[PDB]
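In what follows, a structure is listed as structure tokens, so that the remarks can point back to it.
Protein chains: 2
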Amino acid sequence: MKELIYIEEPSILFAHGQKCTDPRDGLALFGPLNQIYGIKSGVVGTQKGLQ
Amino acid sequence: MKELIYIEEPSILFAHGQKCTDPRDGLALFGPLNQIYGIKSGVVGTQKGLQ
Numbered sequence: 001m002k003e004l005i006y007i008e009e010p011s012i013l014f015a016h017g018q019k020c021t022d023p024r025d026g027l028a029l030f031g032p033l034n035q036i037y038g039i040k041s042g043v044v045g046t047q048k049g050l051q
Numbered sequence: 001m002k003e004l005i006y007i008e009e010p011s012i013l014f015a016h017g018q019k020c021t022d023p024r025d026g027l028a029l030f031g032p033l034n035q036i037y038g039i040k041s042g043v044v045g046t047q048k049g050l051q
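Chains A and B supply the protein sequences, listed in that same order. Under full-length UniProt numbering, the first residue of the first sequence is numbered 1, with each subsequent residue one higher. Under full-length UniProt numbering, the first residue of the second sequence is numbered 1, with each subsequent residue one higher.
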């Protein structure tokens, strides 16, 4: 009669040195660890794809 | 005896469509045409270069 072994969910870090588990929830609450200044995007394709 | 003509200093465009003759003054009054989001600076050098 073997017994299964459970391991607790790992803790990942987030902004301001705080730890959460869900990435979406931690991002929506705290956000990324490193904050970029902002990036400009580029698109190649048809006018319909652009709009 | 012959005359010599003068050309006025041209005006370079700036923010909001305004223009000025001096680039530094036009920047200080209006600013650049395209406002970037900022850039991450990269430095290669000594720690004395760092400070």
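Quick reminder that beta carbons are idealized off the backbone N, C-alpha and C, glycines included.
{"query": "Taking the Cβ atom as the reference point for each residue, do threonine 21 of chain A and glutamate 8 of chain A lie within a distance shorter than 7 angstroms?", "result": "no"}
{"query": "Figure out for me which residue from B:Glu3, B:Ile12, B:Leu4 and B:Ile5 has the closest Cα to the Cα of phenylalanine 30 of chain B.", "result": "B:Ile12"}
{"query": "Taking the alpha carbon of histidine 16 of chain A as the reference point, which residue from A:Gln51, A:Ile5, A:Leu33 and A:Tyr6 has its own alpha carbon closest?", "result": "A:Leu33"}
{"query": "Is any beta-carbon of chain B found at less than 7 angstroms from that of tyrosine 6 of chain A?", "result": "no"}
{"query": "Along chain B, in chain order, which residues have C-beta atoms closer than 8 angstroms to that of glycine 31 of chain A?", "result": "None at all; the shortest Cβ gap to chain B is about 17 angstroms."}
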